[PDB]
Each structure stands twice: as C-alpha cells, then as structure tokens.
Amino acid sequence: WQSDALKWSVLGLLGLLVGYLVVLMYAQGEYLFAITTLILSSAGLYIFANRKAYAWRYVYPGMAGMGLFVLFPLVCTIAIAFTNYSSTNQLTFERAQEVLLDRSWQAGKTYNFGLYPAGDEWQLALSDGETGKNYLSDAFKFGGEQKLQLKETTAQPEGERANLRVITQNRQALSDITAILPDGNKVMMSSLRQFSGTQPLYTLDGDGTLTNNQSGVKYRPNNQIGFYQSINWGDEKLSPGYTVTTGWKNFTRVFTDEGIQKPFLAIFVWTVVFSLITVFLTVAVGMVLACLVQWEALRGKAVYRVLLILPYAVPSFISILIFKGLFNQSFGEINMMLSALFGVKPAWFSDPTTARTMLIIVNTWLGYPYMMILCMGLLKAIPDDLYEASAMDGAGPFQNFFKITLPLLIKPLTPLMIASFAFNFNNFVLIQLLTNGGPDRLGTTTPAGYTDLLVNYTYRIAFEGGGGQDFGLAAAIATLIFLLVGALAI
C-alpha cells in the first residue's frame, strides 16, 4: 500500500511549488499570469483534496488544457476586436514613445576619428575632412561620462592607431565621451568610425508633449486614433502609431459599410451549401468505405484500407496545388481525358457552377478519410447479433445499412458532423489555394468572387484592400462569423 500519509504529503509538496512560482511571478511584473495561475492550481488542489469533488478529477486535467490553449486565445482575439491593433498601430504606447525617443538628426559636423595609445592612457584624434584640419586630445582614461578638450595639431600622435577590435571593446566608454572642438562645438561618437554632432530629434517634456528639436513643432498623445499628432490638433501625425481602444468601431464598421454588404448574403448561402454538401459527401463516402472494408468476405480489405486513407497521410497543401494543375481547363490531365472519353472540356475555373463542383470534388477527396476512420471505430460498437436478427427478419445488405447501420452511427456522428460543418464553413485555405475565390463577381466594389467563402472575402478586406493588416477589424469579423455559426447550431 502506497501510504495514506503520502497523499497529504504530495499535495503539500505541489501546493508549495504553487506560491514558490506564484509570488515569484508577482515579482518583476507578471500579474495577469499570477492571478490566472492561482485560480487554476487552487482548483486542482481542492478538487484532489475533498473526495466530494471526485468526478472533477477526471475533467480537470482536460479542461485545464482547453482553457489554456483554446479558451485563452479566443478571449484575446475577442479583446483585440475592441482596439485598433493593426500594421499601422502595432506597438504599445510605451514602445512607440521609446522608438520616437531613439530617432536622431545630424545637427553639426562629422569627423572621422582615431584612437591612439599614450602609454596606458588614450588619445583621441579627429580629422576635419572639409577643411583638412586635424585635432588631438590630451592623454585620458576610459570610464564614465567625460569631456575632452581637443586641440588643433600638425603633428601625428605618438601611439600606433588602434584596431577596430580595440575600438569595439571600448565602445561603451567611447560613446560616453563628449569631444570639444577649439571653436566650441560638442561632438559625440555616432559610429565606430565617426564622431559627429548627432542629436535626439525629440525631447520628452514630461507633461506628455513631445517636441521636435529641428522644426520646433509640438506633438501630444492622441488616444482617440493612437498617434502623436501635432498641437488644438494639427494636420501632421507621427508614425509609429500605437495600439488603443476603439469600443465598437470594428464591429459597426461591418454593419455601417454598405458595399462590403452587397454580396454578403449570396456568399453566405454558398458557404452554407459548400459546408453541407462536403459534410454529407464525406460522411456518406467514408461510412460506406468503412462498411466495405470491415466485410470479412472482402479478401483485399487490409490493403484497401491503407490506400483509402493516403489522401489524409500526405499534407493537403501540395495535394490542393496538384489538383489545381489537374483541373487546368486547357492543360491538366482531367480535361485531357474528358477530351478523349466524353468529348467535353468543363470550364472548372471560368464557370461558377463547375468551379463549385471542382471545389466540392477536391474537398470530398481531402475529407472522406477522416469520416472513414471515425466510422471504422464507431462500427465496432454495433453488436453482431443485430444482423443475425435482421437476417431472421429477411434483411439484405442494402436494408441492413439503412435500418440498422446508418441509424446506429448517426447518433455518435452527430457532434462530429456539426463540427465538420463549422470547420468547412471557415475553410479559408482550400478556396485561396485552389480558386482564389473566382471566378469574379462583377460589380463588387470591395472585390468578391463566386467560390469565395465568407472567411475568404472578409479577410481580403482586413488584410488586403490596402490599409495594411487590420487585426482589430479581422478579430471583430471572426467574432461575428462565430456568433453566426453558433446561432446556426440551432
């Protein structure tokens, strides 16, 4: 017997790693990650503590996984929809300020510089290219901010010019030196080869206002659009913009925008129909195949079984593209065969209906193994004596299938089918790679095509359409199509 003490021991031991890692998350700054990990671990311990929460012991590991990698992402995606997180507004405010404060402008002259040893101290040479004058400092030591008086010279320095290596090692201390020309100009290191009058483009006023030290123009945070705009607002706006909250703006933008709504309904219908036909054809093709391949009279079954899933064992990406080549209207071996036998050449990309047929053929090829494999397993739950009964009732194979096999499978297949509908609803990748959504829907102001799903036409708006990649718009649409497919599971 593994001790009864051993339980309250391991539970105390793990309940200690919790804290050691939680208060340790409270440090530096990881607060969202501390609150979240507290509720999750505490639920874990209590659940394994009192034997009244027994059943949860079985659910908790799985639900924890799900919350972590399914739920949490969903929450952020929704969260993002209430902000203008995009290509144009990608940085946090703090980061954008930090970028603007790293910006520089050349205020004065530029001098190539040299580093020369004087015993165990150093000497700094500058060379004024534009006058042919040369300057050299007194012997100094490295370390901290220091100012150096440079004097005009005609002589070479005594030391041998230092390496790039030596310049590099001393780059920190070197970058802290302010050199002063005879004529009163300050000059600091701007590269590994040059000292110059490089200066910070903006200064932080501390009340929020950034002011340009070249134009004199002034800028404040405008948290309405997420940019530094001039000052009461001016006409000029500084990039980079920052991410900022926009309430309902991305959700309305889909409802307010006449023109992105012209083909909505018509594309929606096609997506519903595409999903339904796919699910139907894949469940039906897969179920039959699974039935045939468990039939003990069928002597090739073990081999057939393997070969029938290969469309799922190869990654779909190459396959889709090979299908695109296969379906080429003038070339491509399908229409070259339909040329010979049957004498026709279907317009698989040019013609809306034949394109849709193509897409459904390809999808069924991709999706039948999945439904097959499920059925291969589900079919084992049907007891064999039910077919002895059916035999004694005068049943044939066809009758067996429809009165016993199909009704006994559709129940456990129902959730898998509803899910396959939702997945195929959003099957962005297939349409993009195969048809790009074409052929073209004529007169669509924001461009749409006949085989576009809802996802394909919508992400065209958010990610193409020329405004850069609008993550907020896309998140909001993702939520909207989610609340739509959720209401379609009615």
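Residues carry their position along the shown sequence, with the first being 1. In this text, the rigid core denotes the largest set of C-alpha atoms whose superposition between the two forms falls within 1.5 Å.
Enquirer: Determine, for 128-136 and 165-173, which one has C-alphas that on average lie farther from this form in 4 other deposited structures of this protein; superpose on the rigid core first.
Expert: Once the cores are fitted, 128-136 deviates more in 4 other deposited structures of this protein.
Enquirer: Once the rigid core is lined up, would you tell me whether 66-74 or 49-57 has the higher RMS CA deviation in 4 other deposited structures of this protein?
Expert: Farther from the shown form on average in 4 other deposited structures of this protein: 49-57.
Enquirer: Can you tell me how many deposited residues have no coordinates between residue 416 and residue 417? The categories are none, 1 to 3, 4 to 9, and 10 or more.
Expert: Missing residues, residue 416 to residue 417: none.
Enquirer: May I ask you to compare 327-335 and 163-171 by their mean CA B factor in the entry and name the higher one?
Expert: Per the PDB record, 327-335.
Enquirer: If you average the Cα B factors in the entry, which is higher, 284-292 or 341-349?
Expert: Between 341-349 and 284-292, it is 341-349.
Enquirer: I'd like to know which of 29, 61, 67, 438 has the highest C-alpha temperature factor in the PDB entry.
Expert: Largest recorded C-alpha B-factor: 29.
Enquirer: Among 111, 255, 402, 368, where is the Cα B factor highest in this entry?
Expert: Checking the PDB record, the top C-alpha B-factor among 111, 255, 402, 368 is at 255.
Enquirer: If you rank the chain by CA B-factor, which third does residue 95 end up in: lowest, middle or highest?
Expert: For residue 95, whose C-alpha B-factor we compare with every modelled residue in the chain, the answer is the middle third.
Enquirer: Quick check on the deposited entry: does the C-alpha B-factor of residue 126 sit in the lowest, middle or highest third of its chain?
Expert: Within its chain, residue 126 is a middle-third residue by C-alpha B-factor, going by the deposited values.
Enquirer: Which third of the chain holds residue 422 when residues are ordered by C-alpha B factor: lowest, middle or highest?
Expert: Ranked within chain, residue 422 CA B lands in the lowest tercile.
Enquirer: Ranking the modelled residues of this chain by C-alpha B-factor as given in the entry, is residue 229 in the lowest, middle or highest third?
Expert: For residue 229, the deposited C-alpha B-factor lands in the highest third.
Enquirer: Can you tell me which third, lowest, middle or highest, the CA B-factor of residue 432 falls into for its chain?
Expert: Lowest third - that is where residue 432 ends up once the chain's C-alpha B-factors are sorted.
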